[PDB]
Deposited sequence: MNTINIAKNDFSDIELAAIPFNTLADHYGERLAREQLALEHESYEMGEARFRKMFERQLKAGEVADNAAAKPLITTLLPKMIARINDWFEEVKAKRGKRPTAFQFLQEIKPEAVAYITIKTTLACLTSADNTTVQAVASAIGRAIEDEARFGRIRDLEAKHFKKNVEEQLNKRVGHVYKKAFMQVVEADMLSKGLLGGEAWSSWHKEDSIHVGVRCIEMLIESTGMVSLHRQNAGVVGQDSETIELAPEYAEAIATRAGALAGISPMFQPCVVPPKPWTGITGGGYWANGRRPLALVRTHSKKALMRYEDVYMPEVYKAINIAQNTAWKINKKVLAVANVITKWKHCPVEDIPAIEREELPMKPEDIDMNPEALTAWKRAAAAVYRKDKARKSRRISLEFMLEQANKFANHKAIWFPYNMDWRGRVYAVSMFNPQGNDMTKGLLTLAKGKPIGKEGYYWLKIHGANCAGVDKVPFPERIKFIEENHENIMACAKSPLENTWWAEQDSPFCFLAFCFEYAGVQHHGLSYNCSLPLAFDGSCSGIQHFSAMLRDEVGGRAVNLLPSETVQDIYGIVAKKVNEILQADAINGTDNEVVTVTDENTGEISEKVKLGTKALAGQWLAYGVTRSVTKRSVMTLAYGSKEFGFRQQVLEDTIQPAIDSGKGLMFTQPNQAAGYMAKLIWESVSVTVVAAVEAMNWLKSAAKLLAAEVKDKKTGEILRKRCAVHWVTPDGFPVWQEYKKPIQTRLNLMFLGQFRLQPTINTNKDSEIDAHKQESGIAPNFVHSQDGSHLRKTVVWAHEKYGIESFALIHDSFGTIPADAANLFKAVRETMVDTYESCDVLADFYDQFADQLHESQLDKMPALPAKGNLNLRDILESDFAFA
């Protein structure tokens, strides 16, 4: 076993030799150098730049080194962070702090000092451990491998790609171990804070801002990027020049997954990855000897998809993302939006200097989001520009605790529009008429043309033939593409589309065409229960038109609206009616008759119901729809000028909430019944085996276990974390005292345990769907390249027709052979419940849907 079985010296050399053995000494070296960048900036790179890093890094190192003298120069206790950091190479501490902090800033919402410190702590730990082997491993690949030139030439531009390594060909010194941290959250946060502290100190890069002082539930301390820095990142070209995301793509095929950890990345002087991302080591250990061949078969095939940067799209992004007004509206503007000026009539205590308190507060909120979207943006370019000329790059993969699959490097195929537009598949095929047809369906889908049947999508593309050519010809001048639903992707398809006109059907096209499942989850529940009406609502049945559940729900809300507008309650007097005098307040019970007309004045379209029906599979029911209706449509309607018909906001939200839940309940009955049945089971397995006095415990609280169709076993175990607060003198100014969840847990959280079951079961269930599909499309058809995004499935156009067939086939198959609920029941039967065991059960009724009809369904991709 790696751990022990080998010498730090052997461990350092194994990777490079086996990586040089296949692929060549050059790439093998480059792959390891790339990985080491996660912990240290190579003196070579840095020094060559003579880009923000060229300044940050040196100042931060000097600080760290001066901080150590300061600490050793005094009596008394040494700061806890110091005890751990004393060991780490200062050049590594600085680099990891800089990088981990900027990556955290890519977050709009969460940049509490806990989140940031936690991520620094975590990476600084990875270097304490591993750092020594990393040091040797670099000394190793620096020396030119021994003799034989034909082997070292390795790459050899063989227009056939590097193939993955065979599992058996992997030395036991490459079978990884310990993807879990072993520091106490407390020391992890300590190290983290002191790192941030010195970063602020030595550079003005970030700053600490106190948010909502004196508000028990919202008070917090957060990291903000200094304006001078945001200005350069957004204004200068390549400010993030030498600061790469922690996880980069591989320049050689990724290491195959064989065990529970160690897969994906090749270097041995690194923290290895875990096949499954869990809340704890214990939880990861459960998979240690699981045996789920099909799972590892899926992860490895995907992992093996080869990609390349889409140069034409990169050339455009590099250019227009620096314009002071961009045609792609999703691109974060460059100039700051100044605070809304005070009404001069300031002293005015009306809602004036409270509304302003909001108007301004919403501007800070938008500036933070703007600055983050910008960092994130610049990272993707930093990355695309870096691998631009590479014959190919690969992305290692992971799975979240439910099985869903994730590309591991920040810049990845699962990203937003610009990121996806910048990437395309490495090995393509001559397109063909079949392939060309889907290249067109995809171009249409990239615009907004996806709620119409295929003959129409093609019509859309053909009608706009010259626009599409004008745009591929001169994208900077002909910007009609930048206005399309998915600007950047659409453009990728435009360069491709013209390539076909210029080479005909013999054209080699590798652009990934994507097939998206209607409303995943509502599809899976309809399937497993065979709900005809539910399934038709999503798109399980061959329909002449594309069904739109958000739309059909909306038409139902509206009928209830018109009805309530005619009849329906009248505005009930005042609240002072259940008593005598007093609170004349609640001077308004607004009948359903006035409430309906309010909603009929605003409108209520597909838009009002969409953002409150897709959260259905997240546990949102009638209660939570109201505080979604309030901020998604009412609130922003008021704050924007209109919305004047919602005289009693809360009551209008409360009413719509009811109409929607009411609508969705008759719409997709199945989905509802199954989610409740699932909520019910969770409730009992969570609950504690009590009784009247003799509160003895026959059966404590249990976790929810189940296995997916392809063998992925999953364990839901929410737990209440034991908290605590650290006491840290910050910058010698004040005492920062963060509240933090500890690595120690107490009891099982029965509420979250109940709320998290339905959403987690479908997710896991479409997770293995996705896996079975990757396997099947590769074996029955010859698909080698895959573009995966949970419920979107893509490939090069010459393979689209088979992929399209393969998703249908695979889903139909899994649900005819597996009764996932029934199978679920046979898990928590003997494993759960003891005495009582009743008042819960009753498997929902299987309907009349014929899974076979899915094969012939045009709009039910996935």
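- Gaps without C-alpha coordinates occur at 1-5, 56-71, with positions taken along the deposited sequence from 1.
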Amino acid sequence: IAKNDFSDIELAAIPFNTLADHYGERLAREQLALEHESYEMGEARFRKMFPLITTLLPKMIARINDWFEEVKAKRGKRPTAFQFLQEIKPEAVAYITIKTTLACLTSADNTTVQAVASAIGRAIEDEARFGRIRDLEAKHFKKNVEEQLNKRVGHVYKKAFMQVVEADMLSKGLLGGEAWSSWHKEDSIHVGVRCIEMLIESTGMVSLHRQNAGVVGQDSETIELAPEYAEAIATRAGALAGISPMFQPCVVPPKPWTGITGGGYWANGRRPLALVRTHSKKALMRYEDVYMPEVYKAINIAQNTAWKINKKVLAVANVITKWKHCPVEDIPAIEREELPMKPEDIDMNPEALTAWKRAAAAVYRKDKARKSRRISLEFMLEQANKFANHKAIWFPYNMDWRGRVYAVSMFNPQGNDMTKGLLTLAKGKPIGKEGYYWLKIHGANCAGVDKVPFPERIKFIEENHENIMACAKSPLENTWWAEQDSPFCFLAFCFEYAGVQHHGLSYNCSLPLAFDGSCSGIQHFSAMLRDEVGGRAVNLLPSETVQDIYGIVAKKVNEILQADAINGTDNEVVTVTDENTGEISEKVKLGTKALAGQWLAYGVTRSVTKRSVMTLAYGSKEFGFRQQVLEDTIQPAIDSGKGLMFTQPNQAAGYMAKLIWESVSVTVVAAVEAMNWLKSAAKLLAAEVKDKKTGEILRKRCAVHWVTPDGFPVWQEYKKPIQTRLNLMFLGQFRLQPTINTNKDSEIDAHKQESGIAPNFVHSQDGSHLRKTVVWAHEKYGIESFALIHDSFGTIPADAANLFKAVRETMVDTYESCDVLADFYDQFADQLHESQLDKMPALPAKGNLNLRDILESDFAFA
From here on, numbers count along this sequence of modelled residues.
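- 348-356 and 199-207 differ in mean CA B-factor, and the higher of the two is recorded for 348-356.
- The PDB entry reports B-factors from which the mean C-alpha value can be compared for 112-120 and 384-392; the larger average falls on 384-392.
- You'll see in the entry that, of 627, 506, 424, 445, the Cα B factor peaks at 627.
- As recorded in the PDB entry, 755 shows the highest C-alpha B-factor of the residues 792, 755, 222, 101.
- Compared with the other modelled residues of the chain, the Cα B-factor recorded for residue 35 ranks in the lowest third.
- Sort the modelled residues of the chain by CA B factor and residue 175 lands in the highest third.
- In this PDB entry, the Cα temperature factor of residue 574 sits in the top third of its chain's modelled residues, the highest group.
- Per the deposited record, the Cα B-factor of residue 810 falls in the middle third when ranked against the other modelled residues of its chain.
- For residue 247, the recorded CA B-factor ranks within the lowest third of the chain. Only modelled residues enter the ranking.
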